[PDB]
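A lone chain, given as structure tokens: the form deposited in one PDB entry.
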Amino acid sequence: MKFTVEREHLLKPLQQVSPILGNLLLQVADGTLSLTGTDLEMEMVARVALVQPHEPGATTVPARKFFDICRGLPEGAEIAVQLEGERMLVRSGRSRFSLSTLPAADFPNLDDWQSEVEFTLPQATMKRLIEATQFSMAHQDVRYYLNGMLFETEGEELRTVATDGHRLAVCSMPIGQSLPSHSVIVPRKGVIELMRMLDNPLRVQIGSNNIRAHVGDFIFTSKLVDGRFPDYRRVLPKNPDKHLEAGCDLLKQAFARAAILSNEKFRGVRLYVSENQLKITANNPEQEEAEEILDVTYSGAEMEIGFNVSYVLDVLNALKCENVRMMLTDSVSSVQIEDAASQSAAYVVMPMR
């Protein structure tokens, strides 16, 4: 196995694919160097065209070390690689490295599988879908499926849903292709890696137990998560006909200040809603108190309601909105929150006692 490639053609591939699970599989075959990384749950494969003389073969080398060596070399460096016995030699200028290897034959593969559902979409649309909902995924819930993210196709829409039982996020985007009605749950790490590959359209293939994403010369494949993901349609309030609208940054900063004097564990704040006014209060066991009064647009009935302020702040930070709409039902029911100018994402938060 031999190849010579420009540093700059290796960096992003090495970054994307980065005992044998600590190694990268390198394969020179036909006109291409393939680099694969895996943790047994997911894998990333990068293809790099070899325009300089090369010789076929395969090995595995330590991922971090190989990446650090390449990125540590100067801009414009040419990197010559060749397998010598059981070592992999890396040479560039008068820099030389000899890395340990493990046999390519030992590198693990995911089980073979068939594509059942397929669609293409812009990278920007996938970024939007993930960033809109990722923060609402559970962390270490015994309901393992809540620790990942639902990807649902319905009509011509792709939708993401994330929830931890206390708050929920849902985002739907049109992708202009007739889709089957189908849903899958992508594990947390898979969502992270899928986001990290978005710098070229994205081609997605979904099987019974796997999802695959093709972007440029990268292919990401992940196992899916088993389980019954809750239906967001049963979580959206049926008729939250009290509508308050407010500036997103103004509201966020008021909540952020009140939060300072909220209970450190339970983070409770109280909202008092009245004609074109919102009052936010907070208190803690030290009997310290915060109060914020804000002008809003509200012409519904007066009510009060309590929330974990972190969940509300999380939503406002995700929206990056100009104005926000809060849609209320009563003091003991969830609230729905949206960008005042877009229905494409919605957020549901439980009240506190």
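Residues carry their position along the shown sequence, with the first being 1. Rigid core here is just the name for the largest C-alpha set that superposes within 1.5 Å across the two forms.
Count the deposited residues lacking coordinates between residue 333 and residue 334 and you get none at all. The entry shows an unbroken chain from residue 84 to residue 85, with no unmodelled residues of the deposited sequence in between. In this entry, 277 to 285 has the higher mean Cα B-factor, the comparison being between 277 to 285 and 164 to 172. The deposited model assigns a higher average Cα B-factor to 120 to 128 than to the other stretch when 120 to 128 and 145 to 153 are compared. Taking the deposited Cα B-factors for 314, 295, 68, 55, the highest one is held by 295. Out of 186, 179, 254, 90, the entry records its largest CA B-factor for 179. Per the PDB record, residue ranking by Cα B-factor puts residue 214 in the middle third of the chain.
Residue 220: CA B factor in the lowest third of modelled residues in this chain (values from the PDB entry). Ranked by Cα temperature factor within the chain, residue 261 sits in the lowest third according to the deposited record. Among the modelled residues of its chain, residue 309 has a C-alpha B-factor that falls in the lowest third according to the deposited record. In this PDB entry, residue 96 carries a Cα temperature factor that places it within the middle third of its chain's modelled residues.
What comes next is about the form deposited in another entry, which does not appear here.
Superposition on the rigid core between this form and the one not shown places the CA atom of residue 299 2 Å or more away from its counterpart.
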